[PDB]
Amino acid sequence: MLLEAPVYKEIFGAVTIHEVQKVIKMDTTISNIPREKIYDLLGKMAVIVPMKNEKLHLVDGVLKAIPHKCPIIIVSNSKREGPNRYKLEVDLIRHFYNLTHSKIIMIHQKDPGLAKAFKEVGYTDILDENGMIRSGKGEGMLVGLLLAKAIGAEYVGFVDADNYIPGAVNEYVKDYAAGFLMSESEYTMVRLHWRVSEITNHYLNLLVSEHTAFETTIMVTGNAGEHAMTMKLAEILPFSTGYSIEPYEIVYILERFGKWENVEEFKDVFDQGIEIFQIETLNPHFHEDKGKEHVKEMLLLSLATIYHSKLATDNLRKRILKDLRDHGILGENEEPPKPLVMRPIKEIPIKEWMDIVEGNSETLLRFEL
Amino acid sequence: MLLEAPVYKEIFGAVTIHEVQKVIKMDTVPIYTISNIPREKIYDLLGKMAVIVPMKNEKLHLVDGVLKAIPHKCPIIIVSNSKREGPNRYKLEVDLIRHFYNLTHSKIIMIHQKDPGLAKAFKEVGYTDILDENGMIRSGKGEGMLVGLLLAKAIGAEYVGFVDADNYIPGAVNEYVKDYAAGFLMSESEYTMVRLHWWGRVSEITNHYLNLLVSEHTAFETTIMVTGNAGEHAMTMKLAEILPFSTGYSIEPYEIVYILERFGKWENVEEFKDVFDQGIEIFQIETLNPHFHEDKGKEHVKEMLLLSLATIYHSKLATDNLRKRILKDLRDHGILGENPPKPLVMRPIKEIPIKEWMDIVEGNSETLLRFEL
Ligand SMILES: Nc1nc2c(ncn2[C@@H]2O[C@H](COP(=O)(O)OP(=O)(O)O[C@H]3O[C@H](CO)[C@@H](O)[C@H](O)[C@@H]3O)[C@@H](O)[C@H]2O)c(=O)[nH]1
Ligand SMILES: Nc1nc2c(ncn2[C@@H]2O[C@H](COP(=O)(O)OP(=O)(O)O[C@H]3O[C@H](CO)[C@@H](O)[C@H](O)[C@@H]3O)[C@@H](O)[C@H]2O)c(=O)[nH]1
């Protein structure tokens, strides 16, 4: 694969944010990551696919696009009765495995065996009030992260299921790989790119240029649904609820590692640094339209995340408030609610959590994995 | 890569038409009813295939995305019929191709279809089927492809594959080129064709009359043919050199029509005995990616329609019933009057002394552009 070389970038504390790189030649001042090495790192990377009532044909399409050596981890939160939508997914995953023999782990987000392993090990941030796993994409992604960890993955990749272009999924995974192959740190994150988006980036760069007195544009993925991390970084990041999860990754990292304070706590991260790559994909971004109400909830908690940043300023908040209010989304004297943030899965006795899950969960399916 | 095994088919004379197969898994122990074509094999095959990209006035960033997705080891051959003055748009393409070459060092050959040096080589060698009233090369895609094919031949390619430029999904392009190799790897014959699949759509309607062209002689109707209008296809130079190419958009459906009226019966075998011995194998693969081109308008849409159907209507294999109902819904729709033309067909390029032809082209063409190829 040929890419523009990571020539430029910006540096806040121990965080290196690279300028967006375009893919130049999809298959082989310019960087050259060969196919053999990409396809090579690939087997150490688990691709997590958060699923929810998605259409079976798009799901199938996405599944077929993941390169065979990537272990696939699926976490559905689909309607489970009237009709049992999950069973419909179980049927497809079973047919898919018979026709491909792809290594796949799948589980439902609301499975009682999951809530039990979480209570037992003392991790409660992911539970609703009834002690059941809370609905949300970040919530399912977190579960995916522990499963990927339970199988000893070094890198994790997220890809959505409502994609009209299987081919784009195939490129996302290879783009992640190249993103880690161009990295020098053990703590690396690769985010991808192709209005919610633009609005979130606008305020994210604003979040930074308020202290630096220089308006910036560096961040173009504040809202990347498609992204990836080295298990090492993923385990120390606290994760936010539902759709607020990718924006918060950025906000938390800047907040915690953008200055040199409390370095003794993360001595190794501060030394190696955090590297964030932003790769522009060749294939267009095309999802199922989920409707206007859905587009408004996302906008809401992605902007609420920036609003509560301990980095947000007087001015940053009002500008948000205004927009958030004159688009029929926030009260005229209402402040956006603080999105719930869950703690870093790090401290969890993984294999022990894995055996409680493995010995009490009715929805867990494993295939050569 | 995984596909559904080439289990079912239909045979007509020395022509075998495979049931459409689906790509099932993208990058790759045996699986029942599944064929496994390992990356290793597809990749050592690619350096042997020339990808031809006919193009005419397409948006530059699109042409860009397509070139970027073609595997690096495939030689690219571009034939442009793009506008020449006010503005010289071919000049724009030359610029994008040069910048693309400096960043990737891909092997590329580009030339403009109307190049006066090209009309000189065709005419000098005795090939006039491609020329207009006034000795200059005729506009039309079948025509561009024919030029691309001769260039592909000049550089010694064993396989040629066509990929359109007005594609919105680069990823798809990358998949097509691989689906072609897969098709040729599963083949047993040296004359092999691989076609991709993804009132009503023109596609659906073309196939309906083509299948009917066949059932009209079989007293059985089929739905075997699913790629009548396959703009994305590939052939072994071997098969490509003995096929006579139809004009404009009629080229694809005519390939099927010709092979059927020429090799669908065991007659006059002497002239193509190796072809009859080997047989013609035709693969039909349904791609994982959807089909998505820039739409060109109502006008363009039925020009294609008329041409595709005119071509089945004039087949020596066609009957009265067929011809009659093709007329019915060509008129019932805005296309025809109530008073179709036979599309022009050019001969096979098998007998054109490539070397003499190529070095005349190479010697007289003001638009030819080469790169490590
Ligand atoms: N497990 C689980 N998955 C979920 C849930 N909610 C949504 N998902 C899945 O997460 C993926 C994305 O969610 P969508 O609801 O489809 O959002 P979108 O409009 O597709 O937007 C996506 O791409 C944007 C790119 O800018 C992202 O910003 C956004 O977060 C999301 O990933 C889909 O596969 C969806 O089914 C959930 O509650 N639990
Ligand atoms: N060299 C050359 N190229 C041409 C010409 N006319 C069209 N092309 C190119 O041939 C490709 C065909 O695209 P269009 O002519 O817009 O046709 P389309 O609507 O995209 O339909 C195509 O795909 C269909 C798939 O079923 C095909 O059926 C159809 O024949 C064509 O290939 C494009 O890259 C187009 O620029 C020409 O006169 N000369």
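Residues numbered from 1 in each chain as written, not as in the entry; some residues may be left out. Chains lettered and ligands numbered in written order. Heavy atoms only, no water.

As summarised from the PDB record, the model derives from X-ray crystallography at a stated resolution of 2.40 Å.

Peer 1: So what about the overall build of chain A? Which residues, and what values?
Peer 2: Helix and strand counts for chain A stand at 13 helices and 15 strands. In terms of principal-axis extent, the alpha carbons of chain A reach across some 55 × 50 × 45 Å. Residues counted as buried form 63% of the 369 residues belonging to chain A. Roughly 15300 Å² of accessible area belongs to chain A as shown, and the carbon and sulfur atoms make up 49% of that amount. The positive charge centre, built from 43 side chains, and the negative charge centre, built from 55, are 2 Å apart in chain A. (Helix = DSSP H or I, 4+ residues; strand = E, 2+ residues; numbered from the N terminus. Buried < 20%, exposed > 50% of the residue type's maximum accessible area, 1.4 Å probe, protein only. Areas by Shrake-Rupley, 256 points an atom, 1.4 Å probe, with all protein chains shown as cover. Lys, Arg positive; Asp, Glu negative; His and termini not counted. Charge placed at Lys NZ, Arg CZ, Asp CG, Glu CD.)

Peer 1: Quick rundown of the pattern of salt bridges? Include the residues and the values.
Peer 2: Taken as a whole, this structure holds 39 salt bridges over all chains when the rule is applied. For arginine 343 of chain A, the salt bridge goes to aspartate 125 of chain A, with nearest N and O atoms at 2.8 Å. Judged by its relative accessible area of 14%, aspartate 125 of chain A falls in the buried class. Note that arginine 366 of chain A and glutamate 358 of chain A form a salt bridge whose closest N and O atoms lie 3.7 Å from each other. The network of salt bridges with shared partners includes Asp27 and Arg35 of chain A together with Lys178 of chain B. (Salt bridge = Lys/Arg side-chain N within 4 Å of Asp/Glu carboxyl O.)

Peer 1: Talk me through the packing of helix α9 (residues 251-263) of chain B against helix α11 (residues 298-313) of chain B; I want residue IDs and the actual numbers.
Peer 2: Residues and elements named next belong to chain B. One can describe the packing of α9 onto α11 by two numbers: an axis separation of 9 Å at closest approach and a directional angle of 15 degrees. Classed by the angle they form, the pair α9 and α11 counts as roughly parallel. In this structure, the crossing between α9 and α11 has a hand that is right-handed. Of the residues in α11, those in contact with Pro253, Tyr254 and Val257 of α9 are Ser308, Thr311 and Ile312. (Axes fitted to C-alpha atoms, helices over the stretch in contact; angles between N-to-C directions. Parallel < 35°, antiparallel > 145°, perpendicular 65-115°, else oblique. Left-handed = near helix turned anticlockwise from the far one by under 90°. Contact = heavy atoms within 4.5 Å.)

Peer 1: Give a description of the packing of aromatic side chains that names residues and reports values.
Peer 2: For the coordinates displayed, the defined rule picks out 19 aromatic pairs over all chains. One aromatic cluster is present, formed by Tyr248, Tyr252, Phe257, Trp260, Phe266 and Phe270 of chain A through successive ring pairs. When the ring centre of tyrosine 43 of chain B is taken as reference, the NZ or CZ atom of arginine 35 of chain A above it lies at 3.5 Å. Lying across the ring of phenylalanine 263 of chain B, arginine 262 of chain B places its NZ or CZ 5.5 Å from the centre. (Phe/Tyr/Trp six-rings, centres within 6.5 Å; stacked < 30°, edge-to-face > 60°. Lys NZ or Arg CZ within 6 Å of the ring centre and 35° of its normal.)

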